[PDB]
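**Student:** Got a structure here, written out as C-alpha cells. Questions coming.
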Amino acid sequence: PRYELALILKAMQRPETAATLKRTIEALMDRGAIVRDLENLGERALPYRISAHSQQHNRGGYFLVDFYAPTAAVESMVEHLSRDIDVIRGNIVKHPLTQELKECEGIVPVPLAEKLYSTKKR
Amino acid sequence: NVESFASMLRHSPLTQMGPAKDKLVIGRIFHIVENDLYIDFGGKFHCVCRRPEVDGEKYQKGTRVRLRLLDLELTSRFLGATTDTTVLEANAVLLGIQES
Amino acid sequence: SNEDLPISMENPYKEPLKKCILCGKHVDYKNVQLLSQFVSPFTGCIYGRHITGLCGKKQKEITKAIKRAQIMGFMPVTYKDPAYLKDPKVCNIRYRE
Amino acid sequence: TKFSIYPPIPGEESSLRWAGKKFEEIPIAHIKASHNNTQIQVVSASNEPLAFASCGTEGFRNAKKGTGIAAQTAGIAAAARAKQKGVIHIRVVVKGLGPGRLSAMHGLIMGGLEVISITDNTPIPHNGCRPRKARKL
Amino acid sequence: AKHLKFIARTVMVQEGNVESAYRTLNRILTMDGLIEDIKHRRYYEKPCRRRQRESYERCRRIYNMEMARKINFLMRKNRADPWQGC
RNA sequence: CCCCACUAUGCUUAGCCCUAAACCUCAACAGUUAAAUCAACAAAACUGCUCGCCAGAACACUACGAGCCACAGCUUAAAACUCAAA
Ligand SMILES: CN[C@@H]1[C@H](O[C@H]2[C@H](O[C@H]3[C@H](O)[C@@H](O)[C@H](NC(=N)N)[C@@H](O)[C@@H]3NC(=N)N)O[C@@H](C)[C@]2(O)C=O)O[C@@H](CO)[C@H](O)[C@H]1O
Ligand code: FES
Ligand SMILES: [K+]
Ligand SMILES: [Mg+2]
Ligand SMILES: [Mg+2]
Ligand SMILES: [Mg+2]
Ligand SMILES: [Mg+2]
Ligand SMILES: [Mg+2]
Ligand SMILES: [Mg+2]
Ligand SMILES: [Mg+2]
C-alpha cells in the first residue's frame, strides 16, 4: 500500500543529510518499496526536547517520503530506523490521500428528546 | 359563483408574504402602557416594542410604524413538556414611524 | 374540482443546512497552524465542540490529528506554539474578560 | 504599543527591558505551595541559588505552616536575602494549590521585589501514578 | 520537562498589578479544568465513582441549560400588567 | 474509622479458577399506537411466536449425591422440625 514516512533527521550539513536520505531510501528499495517522492519540510526547532542515541536534540530536519510497499515491509523498516544514529524520530503512516472524504451536506439539527416520561400527573 | 375559502387563503397577503423572518410590515399602535407599545400588524398576535428614545412623543395610539418581523408567534418546548409554551405575542423590531 | 387547493411539495423556502468552517477541507497532522487554532494557548488543552464550533466528524479529525502530531515531533503538548498566536481566532472563548 | 499577557519569546527580539535586562535574564522565584508548608527558593537565570525560605525555617510548627501568614513571612525572608544580592525583578513559578500560594507572592512584594510574571507549574499527570485512597474523614 | 519554560500557564503583570495577573491566571486554569482536576487527583477516584460523578454533572448541565433557556424566553413577560383592573 | 511504614496483590509471560447488585434487575425475533389507557411505583400500554424460569415464608447461595486441573472451592440442589404470616 501507499505509506508516508515522517522523517526527522539530526541537524547536520548538506553532505551528511543527503547521505542519510539516500541510505534511508535504499533501505526501502531493498524491502520492495516503490518510492514516489521526497518532500522537504525544512529544518525547524523541535516542539520538545527529543533524546535519541545518547544525544539531546533541539533542532532537526523534517522529510517526507511517499512510497508504495508491501505490508510486511513496515515492520522491517521500523526496525531499521531505530538503529540509524542520524534519525531522531521516524514514523510510517497510511498515506492520507488514499482515504476519500465523504461529502457532507451540513449539520443536521437534533430535536429535544420526547416521550421519555409517561404523561401522568406525578 | 361564491368565492371559496381556499381562494381567500391563497391570495391573502400573509400567505403570499411567506416567512415573516426579516419582513418589513406596517403596524398600528392600539394600546400603550408606559413606554411599552402594543402593536398590531395584521397577524394573530401583537408585538410589544419599547418606546424609542429619540422621538417618544410621536408614538401615540393610532400611529402607524414600520416593523421587521422575526416570529409571528413566540413558542418553544422545554425539558419535560408535552406541548409548546407560548407567550401569546410576536417578535418584531420597531423601525420608526410610517411617514406617508 | 377546485384548482386553489394546495399541492404536495417539499418546503421550497427551506434554507441549506449549516456547515462547519472545516467542511470539505482535508485535516492533516502536518498542518500545525490549523491544529493550534483549537488548543488553549496557555495549557495546550484541546477545546470541545461547544467552543470550536466544529461538527462531530471534524472535531474528531482535529483531535486525532493533534494527538498524532504531538507524539511525532510536529506539535507541542503543554502549550501553543507562539508563532501561531497571531492567527485568526475561530473559537468562542474569552479568558482575560 | 499595546500590552500582551503572553511572555516574550526569547528568540524573537523585543523591547521589553527591566533594569536593562531581558526576560530570560531575570531571576526566578520558585514557590511550592503545599498543603501543610510553603517553600520558596530564589534562583538566577543560570540556576544559581540566591535565597531559600520556608515556613519551617521561620519558626512555625505543624499546623501553623499551612497558613497564609507563614507563607507571607517566608516571602519577606526570601526577599531580604535576595535583595542583598542585587535582585529587584523576579519571575514567579508557583507550584501547588496550597494556602500560601498567593500569600507568599504578597510577602515577596513586601520585601522590595517586583513581580513581572506569574507562571504556574503545578504537576499534572496524563494519568501516571495512582494516588492514595480516599479517606473517610 | 522537555518543553520550553515560561510559555505555558504564564501571565505577565501590567503596571505592578499582580492581583489582576493572579486572578487572570486562576481564571485560565479554572476554565481549562486544571483546578478541579488537581483537586480530584489528590485522592484516587474509583471508576465507578467517577462514572457516577460524570453523569450527575451532565444531567445538571442539561437541566440548567433548559432552565436558563426558559428564563430568557419568559423574561419578556416580566413587564407591567397592561390590563390592570381586569 | 484518622496518621506513617511495609508486604501479598495489581503489571508481563505460561497455565488454572469460572464467581458478581455479570442489574439498563425489564429474554430473542416480528409488529402496532387504535381500543377497555393503565392496581401502585419505576422506564406508557399492548399483540403474535418461541425458548428458559417460577408457584407461602424460613430452613437454604445449606445437607446428601454427581461432576469439575477447582480440595476452607464452584455448579446443580432437597427434606424434617417450625410459623400464620412473609
Ligand atoms: C393479625 N395477627 C398479628 C400477628 O399475630 C400473631 C403472632 O404470631 C407470632 C407467633 O405466635 C410466633 O410463634 C412467631 N414466632 C416465631 N419465632 N416464628 C411470630 O413470628 C408470629 N408473628 C408474626 N408472624 N408476625 O402472635 C400470634 C399469637 C398471633 O396473634 C396469631 O394470630 O402478628 C402479631 C405481631 O407478631 C400482630 O400483633 C397481630 O396483629
Ligand atoms: S459540516 Fe460537513 S464536515 Fe463538518
Ligand atoms: K443496575
Ligand atoms: Mg510489591
Ligand atoms: Mg456490568
Ligand atoms: Mg433466548
Ligand atoms: Mg418456598
Ligand atoms: Mg455465591
Ligand atoms: Mg455448596
Ligand atoms: Mg458434596
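Labels for the C-alpha cells follow display order: chains A, B, ..., residues from 1 in each chain, ligands from 1.
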Kindly provide, as a list in words, the residues of chain F having any atom no farther than 12 Å from an atom of chain D, counting only C-alpha atoms (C1' of nucleotides).
**Tutor:** residues 1, 2, 3 and 10 of chain F
**Student:** Pull out every residue of chain B sitting within 10 Å of chain C, counting only C-alpha atoms, and send them as a count of residues only.
**Tutor:** 10
**Student:** How would you report the residues lying within 8 Å of ligand 6, as a ChimeraX atom specification, if you count only C-alpha atoms (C1' of nucleotides) and all ligand atoms?
**Tutor:** /F:27-28,51-52
**Student:** Just want the 10 Å neighbourhood of residue 31 of chain E, counted on only C-alpha atoms (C1' of nucleotides), with same-chain residues fewer than 3 positions away dropped. Output as a list in words.
**Tutor:**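 Near residue 31 of chain E, the qualifying residues are residues 93, 94 and 95 of chain C; 26, 27, 28, 34, 35 and 36 of chain E.
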**Student:** For the selection you just gave me, I'd like the residues written to a file as a tab-separated table (two decimals), in the first residue's frame, keeping C-alpha atoms.
**Tutor:**
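Once everything was written out, this is out_15.tsv:
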```
chain	number	residue	atom	x	y	z
C	93	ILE	CA	-13.68	31.56	24.36
C	94	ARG	CA	-12.58	34.78	26.08
C	95	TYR	CA	-10.21	34.47	29.04
E	26	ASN	CA	-6.61	31.47	38.12
E	27	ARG	CA	-9.41	32.09	35.63
E	28	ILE	CA	-7.44	30.41	32.84
E	34	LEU	CA	-6.90	22.11	35.78
E	35	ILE	CA	-8.15	23.41	39.14
E	36	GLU	CA	-10.79	20.73	39.70
```
**Student:** Calculated over only C-alpha atoms, which of the candidates D:115, D:82, D:5, D:16 has the smallest distance to residue 43 of chain D?
**Tutor:**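 Among D:115, D:82, D:5, D:16, it is D:82 that comes nearest to residue 43 of chain D.
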**Student:** Using DSSP on the backbone coordinates, identify the residues of segment 10-96 of chain B assigned to helix (DSSP H, G or I); present them as a ChimeraX atom specification.
**Tutor:** /B:10,13-17
**Student:** Take the residues from that selection and put them in a file with N, CA and C atoms, as a PDB file, in the first residue's frame.
**Tutor:**
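This is the output file selection-v4.pdb:
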```pdb
ATOM      1  N   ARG B  10     -55.153  31.540  -0.447  1.00  0.00           N
ATOM      2  CA  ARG B  10     -54.072  31.577  -1.421  1.00  0.00           C
ATOM      3  C   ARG B  10     -53.675  33.004  -1.762  1.00  0.00           C
ATOM      4  N   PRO B  13     -52.469  38.391   1.685  1.00  0.00           N
ATOM      5  CA  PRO B  13     -51.105  38.920   1.824  1.00  0.00           C
ATOM      6  C   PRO B  13     -50.210  38.081   2.714  1.00  0.00           C
ATOM      7  N   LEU B  14     -50.716  37.662   3.872  1.00  0.00           N
ATOM      8  CA  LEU B  14     -49.933  36.841   4.784  1.00  0.00           C
ATOM      9  C   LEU B  14     -49.424  35.587   4.086  1.00  0.00           C
ATOM     10  N   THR B  15     -50.326  34.864   3.427  1.00  0.00           N
ATOM     11  CA  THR B  15     -49.937  33.645   2.730  1.00  0.00           C
ATOM     12  C   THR B  15     -48.841  33.921   1.709  1.00  0.00           C
ATOM     13  N   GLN B  16     -49.047  34.924   0.859  1.00  0.00           N
ATOM     14  CA  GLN B  16     -48.047  35.271  -0.142  1.00  0.00           C
ATOM     15  C   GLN B  16     -46.818  35.920   0.481  1.00  0.00           C
ATOM     16  N   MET B  17     -46.985  36.617   1.606  1.00  0.00           N
ATOM     17  CA  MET B  17     -45.843  37.215   2.292  1.00  0.00           C
ATOM     18  C   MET B  17     -44.705  36.221   2.460  1.00  0.00           C
TER      19      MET B  17
END
```
**Student:** Using only C-alpha atoms (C1' of nucleotides) and all ligand atoms, which residues have at least one atom no more than 7 Å from ligand 3? Output them as a PDB file with N, CA and C atoms (P, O5', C5', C4', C3', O3' and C1' of nucleotides), in the first residue's frame.
**Tutor:**
```pdb
ATOM      1  P     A F  21     -25.448 -11.442  40.770  1.00  0.00           P
ATOM      2  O5'   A F  21     -26.332 -10.173  41.142  1.00  0.00           O
ATOM      3  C5'   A F  21     -25.881  -9.181  42.053  1.00  0.00           C
ATOM      4  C4'   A F  21     -26.056  -7.799  41.490  1.00  0.00           C
ATOM      5  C3'   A F  21     -24.760  -7.033  41.240  1.00  0.00           C
ATOM      6  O3'   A F  21     -24.852  -6.331  40.003  1.00  0.00           O
ATOM      7  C1'   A F  21     -26.179  -5.762  42.625  1.00  0.00           C
ATOM      8  P     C F  23     -26.760  -9.033  34.319  1.00  0.00           P
ATOM      9  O5'   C F  23     -27.652  -7.859  34.909  1.00  0.00           O
ATOM     10  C5'   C F  23     -27.975  -6.736  34.101  1.00  0.00           C
ATOM     11  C4'   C F  23     -28.267  -5.509  34.923  1.00  0.00           C
ATOM     12  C3'   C F  23     -27.041  -4.768  35.467  1.00  0.00           C
ATOM     13  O3'   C F  23     -27.171  -3.370  35.229  1.00  0.00           O
ATOM     14  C1'   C F  23     -28.594  -5.182  37.196  1.00  0.00           C
ATOM     15  P     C F  24     -26.313  -2.654  34.081  1.00  0.00           P
ATOM     16  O5'   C F  24     -27.346  -1.648  33.415  1.00  0.00           O
ATOM     17  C5'   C F  24     -27.997  -0.665  34.206  1.00  0.00           C
ATOM     18  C4'   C F  24     -29.340  -0.281  33.646  1.00  0.00           C
ATOM     19  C3'   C F  24     -30.472  -1.271  33.911  1.00  0.00           C
ATOM     20  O3'   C F  24     -31.655  -0.573  34.293  1.00  0.00           O
ATOM     21  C1'   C F  24     -30.281  -0.859  31.585  1.00  0.00           C
ATOM     22  P     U F  25     -32.270  -0.807  35.755  1.00  0.00           P
ATOM     23  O5'   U F  25     -32.729  -2.331  35.717  1.00  0.00           O
ATOM     24  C5'   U F  25     -32.509  -3.186  36.830  1.00  0.00           C
ATOM     25  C4'   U F  25     -32.239  -4.604  36.410  1.00  0.00           C
ATOM     26  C3'   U F  25     -33.415  -5.330  35.783  1.00  0.00           C
ATOM     27  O3'   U F  25     -32.962  -6.351  34.895  1.00  0.00           O
ATOM     28  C1'   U F  25     -32.905  -6.310  37.882  1.00  0.00           C
TER      29        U F  25
END
```
**Student:** Which residues, written as a PyMOL selection string, have at least one atom at most 8 Å from residue 105 of chain D, with only C-alpha atoms (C1' of nucleotides) counted and residues fewer than 4 positions away on the same chain left out?
**Tutor:** chain D and resi 72+75+92+101+109
**Student:** Write out the residues from the selection above, keeping N, CA, C and O atoms, as a PDB file, in the first residue's frame.
**Tutor:**
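Saved result, result-v9.pdb, follows:
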```pdb
ATOM      1  N   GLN D  72       3.550  34.293  53.889  1.00  0.00           N
ATOM      2  CA  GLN D  72       3.936  35.681  53.698  1.00  0.00           C
ATOM      3  C   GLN D  72       5.231  35.989  54.431  1.00  0.00           C
ATOM      4  O   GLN D  72       6.085  36.722  53.921  1.00  0.00           O
ATOM      5  N   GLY D  75       8.066  34.705  52.454  1.00  0.00           N
ATOM      6  CA  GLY D  75       8.339  35.519  51.289  1.00  0.00           C
ATOM      7  C   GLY D  75       9.144  36.752  51.640  1.00  0.00           C
ATOM      8  O   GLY D  75      10.028  37.167  50.887  1.00  0.00           O
ATOM      9  N   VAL D  92       7.908  34.645  38.977  1.00  0.00           N
ATOM     10  CA  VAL D  92       7.334  33.697  39.921  1.00  0.00           C
ATOM     11  C   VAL D  92       6.886  32.444  39.181  1.00  0.00           C
ATOM     12  O   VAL D  92       6.220  32.522  38.144  1.00  0.00           O
ATOM     13  N   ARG D 101      -0.082  30.074  48.442  1.00  0.00           N
ATOM     14  CA  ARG D 101       0.175  30.183  47.014  1.00  0.00           C
ATOM     15  C   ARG D 101       0.227  31.642  46.587  1.00  0.00           C
ATOM     16  O   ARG D 101       1.120  32.042  45.832  1.00  0.00           O
ATOM     17  N   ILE D 109       6.480  40.945  47.597  1.00  0.00           N
ATOM     18  CA  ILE D 109       6.263  42.347  47.278  1.00  0.00           C
ATOM     19  C   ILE D 109       6.496  43.226  48.496  1.00  0.00           C
ATOM     20  O   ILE D 109       6.812  44.412  48.346  1.00  0.00           O
TER      21      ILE D 109
END
```
**Student:** Neighbours of ligand 4 at 10 Å or closer, counting only C-alpha atoms (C1' of nucleotides) and all ligand atoms: which residues, as number ranges by chain?
**Tutor:** F: 6-10
**Student:** Identify all chain E residues at most 9 Å from chain C by counting only C-alpha atoms; ligands do not count. Present them as a ChimeraX atom specification.
**Tutor:** /E:3-4,7-11,24-25,27-29,31-32,34
**Student:** What residues of the protein or nucleic acid chains come within 9 Å of ligand 7 when you use only C-alpha atoms (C1' of nucleotides) and all ligand atoms? Reply as a ChimeraX atom specification.
**Tutor:** /F:55-58
**Student:** Dump the neighbourhood of ligand 9 as a ChimeraX atom specification: all residues within 9 Å, distances computed on only C-alpha atoms (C1' of nucleotides) and all ligand atoms.
**Tutor:** /F:61-62,73-75
**Student:** Near chain A, meaning an atom within 12 Å, which residues of chain E appear when counting only C-alpha atoms? Write them as a count of residues only.
**Tutor:** 7
**Student:** Give the residues close to ligand 10, within 10 Å, counting only C-alpha atoms (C1' of nucleotides) and all ligand atoms; write them as a PyMOL selection string.
**Tutor:** chain F and resi 63-66
**Student:** Any chance you can output those residues with N, CA, C and O atoms (P, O5', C5', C4', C3', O3' and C1' of nucleotides) as a PDB file, in the first residue's frame?
**Tutor:**
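And here is the file that came out, result_25.pdb:
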```pdb
ATOM      1  P     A F  63     -23.195 -27.870  53.085  1.00  0.00           P
ATOM      2  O5'   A F  63     -23.662 -29.328  53.511  1.00  0.00           O
ATOM      3  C5'   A F  63     -24.294 -29.551  54.761  1.00  0.00           C
ATOM      4  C4'   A F  63     -25.239 -30.718  54.719  1.00  0.00           C
ATOM      5  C3'   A F  63     -24.907 -31.827  53.743  1.00  0.00           C
ATOM      6  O3'   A F  63     -23.908 -32.705  54.222  1.00  0.00           O
ATOM      7  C1'   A F  63     -27.210 -31.320  53.624  1.00  0.00           C
ATOM      8  P     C F  64     -22.688 -33.125  53.275  1.00  0.00           P
ATOM      9  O5'   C F  64     -23.260 -34.353  52.441  1.00  0.00           O
ATOM     10  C5'   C F  64     -23.917 -35.423  53.097  1.00  0.00           C
ATOM     11  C4'   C F  64     -24.890 -36.146  52.202  1.00  0.00           C
ATOM     12  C3'   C F  64     -24.396 -36.539  50.822  1.00  0.00           C
ATOM     13  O3'   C F  64     -23.578 -37.692  50.817  1.00  0.00           O
ATOM     14  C1'   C F  64     -26.550 -35.606  50.646  1.00  0.00           C
ATOM     15  P     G F  65     -22.247 -37.725  49.921  1.00  0.00           P
ATOM     16  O5'   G F  65     -22.762 -38.113  48.467  1.00  0.00           O
ATOM     17  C5'   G F  65     -23.747 -39.117  48.284  1.00  0.00           C
ATOM     18  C4'   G F  65     -24.381 -39.037  46.922  1.00  0.00           C
ATOM     19  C3'   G F  65     -23.454 -38.717  45.763  1.00  0.00           C
ATOM     20  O3'   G F  65     -22.741 -39.842  45.288  1.00  0.00           O
ATOM     21  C1'   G F  65     -25.375 -37.363  45.627  1.00  0.00           C
ATOM     22  P     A F  66     -21.194 -39.699  44.889  1.00  0.00           P
ATOM     23  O5'   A F  66     -21.222 -39.059  43.433  1.00  0.00           O
ATOM     24  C5'   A F  66     -21.948 -39.676  42.385  1.00  0.00           C
ATOM     25  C4'   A F  66     -22.173 -38.742  41.226  1.00  0.00           C
ATOM     26  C3'   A F  66     -20.960 -37.994  40.701  1.00  0.00           C
ATOM     27  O3'   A F  66     -20.143 -38.759  39.835  1.00  0.00           O
ATOM     28  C1'   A F  66     -22.751 -36.491  40.961  1.00  0.00           C
TER      29        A F  66
END
```
**Student:** Rank B:37, B:97, B:70, B:87 by their smallest atom-to-atom distance to residue 75 of chain E, using only C-alpha atoms, and report the top residue only.
**Tutor:**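 Of B:37, B:97, B:70, B:87, the one nearest residue 75 of chain E is B:87, counting only C-alpha atoms.
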**Student:** Once you count only C-alpha atoms, which residues of chain E turn out to be within 8 Å of chain D? Could you give them as a PyMOL selection string?
**Tutor:** chain E and resi 6-14+16+18+21-22+25+38+41-45
**Student:** Do you have, as JSON lines, the list of residues of chain C lying at most 12 Å from ligand 2, each with its nearest atom pair and that distance in Å to one decimal, counting only C-alpha atoms and all ligand atoms and ordered by chain then number?
**Tutor:**
```
{"residue": "C:16", "atom": "CA", "partner": "ligand 2", "partner_atom_place_in_ligand_line": "1 (S)", "distance": 11.6}
{"residue": "C:17", "atom": "CA", "partner": "ligand 2", "partner_atom_place_in_ligand_line": "1 (S)", "distance": 8.6}
{"residue": "C:18", "atom": "CA", "partner": "ligand 2", "partner_atom_place_in_ligand_line": "1 (S)", "distance": 6.9}
{"residue": "C:19", "atom": "CA", "partner": "ligand 2", "partner_atom_place_in_ligand_line": "1 (S)", "distance": 4.0}
{"residue": "C:20", "atom": "CA", "partner": "ligand 2", "partner_atom_place_in_ligand_line": "1 (S)", "distance": 4.5}
{"residue": "C:21", "atom": "CA", "partner": "ligand 2", "partner_atom_place_in_ligand_line": "4 (Fe)", "distance": 7.3}
{"residue": "C:22", "atom": "CA", "partner": "ligand 2", "partner_atom_place_in_ligand_line": "4 (Fe)", "distance": 6.1}
{"residue": "C:23", "atom": "CA", "partner": "ligand 2", "partner_atom_place_in_ligand_line": "3 (S)", "distance": 3.9}
{"residue": "C:24", "atom": "CA", "partner": "ligand 2", "partner_atom_place_in_ligand_line": "3 (S)", "distance": 6.1}
{"residue": "C:25", "atom": "CA", "partner": "ligand 2", "partner_atom_place_in_ligand_line": "3 (S)", "distance": 8.0}
{"residue": "C:26", "atom": "CA", "partner": "ligand 2", "partner_atom_place_in_ligand_line": "3 (S)", "distance": 9.8}
{"residue": "C:27", "atom": "CA", "partner": "ligand 2", "partner_atom_place_in_ligand_line": "3 (S)", "distance": 10.6}
{"residue": "C:49", "atom": "CA", "partner": "ligand 2", "partner_atom_place_in_ligand_line": "4 (Fe)", "distance": 10.8}
{"residue": "C:52", "atom": "CA", "partner": "ligand 2", "partner_atom_place_in_ligand_line": "4 (Fe)", "distance": 11.3}
{"residue": "C:53", "atom": "CA", "partner": "ligand 2", "partner_atom_place_in_ligand_line": "4 (Fe)", "distance": 9.2}
{"residue": "C:54", "atom": "CA", "partner": "ligand 2", "partner_atom_place_in_ligand_line": "4 (Fe)", "distance": 6.0}
{"residue": "C:55", "atom": "CA", "partner": "ligand 2", "partner_atom_place_in_ligand_line": "4 (Fe)", "distance": 4.4}
{"residue": "C:56", "atom": "CA", "partner": "ligand 2", "partner_atom_place_in_ligand_line": "4 (Fe)", "distance": 7.1}
{"residue": "C:57", "atom": "CA", "partner": "ligand 2", "partner_atom_place_in_ligand_line": "4 (Fe)", "distance": 6.2}
{"residue": "C:58", "atom": "CA", "partner": "ligand 2", "partner_atom_place_in_ligand_line": "4 (Fe)", "distance": 5.4}
{"residue": "C:59", "atom": "CA", "partner": "ligand 2", "partner_atom_place_in_ligand_line": "4 (Fe)", "distance": 8.1}
{"residue": "C:60", "atom": "CA", "partner": "ligand 2", "partner_atom_place_in_ligand_line": "4 (Fe)", "distance": 10.3}
{"residue": "C:61", "atom": "CA", "partner": "ligand 2", "partner_atom_place_in_ligand_line": "3 (S)", "distance": 10.0}
{"residue": "C:62", "atom": "CA", "partner": "ligand 2", "partner_atom_place_in_ligand_line": "4 (Fe)", "distance": 11.4}
```
